[PDB]
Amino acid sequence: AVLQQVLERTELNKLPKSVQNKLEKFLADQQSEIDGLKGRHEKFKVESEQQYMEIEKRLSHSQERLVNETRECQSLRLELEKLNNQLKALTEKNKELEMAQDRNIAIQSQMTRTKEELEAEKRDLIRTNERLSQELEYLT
């Protein structure tokens, strides 16, 4: 009953029951809406704040791990570069070792050639020796 607030007993009693009831309900309804709008909004406000607080933590986490990762890239690039030069040096040693092997295999190949040709020369002397020796026997 909000009507006794606005009007006076004399004025209010001059209103038919239907008129008061129509009025009472309408005031109640708009009053219900006021409490309704406040309830809805307040619950919304809580939701908005809670969601902002949580997406903030998600950013905090996203920021820190990007940071920890960025340093790690740098860590690799440094290590990458050091061993990259270390590899070149080893490659240099390897290529020098190959040329030595190539020189030695070539040397050995030549030394076999000289051996074989010497054996050929040696054989010629052997058969020549036989012929002289045998021919000598005729005159003994």
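Each residue number is its position in the shown sequence, starting from 1.
Looking at mean Cα B-factors across 82-90 and 32-40, the upper value is held by 82-90. The deposited model assigns a higher average Cα B-factor to 54-62 than to the other stretch when 23-31 and 54-62 are compared.
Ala100: CA B factor in the highest third of modelled residues in this chain (values from the PDB entry). The deposited CA B-factor of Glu72 belongs to the highest third of values across its chain. For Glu11, the recorded CA B-factor ranks within the lowest third of the chain. Only modelled residues enter the ranking.
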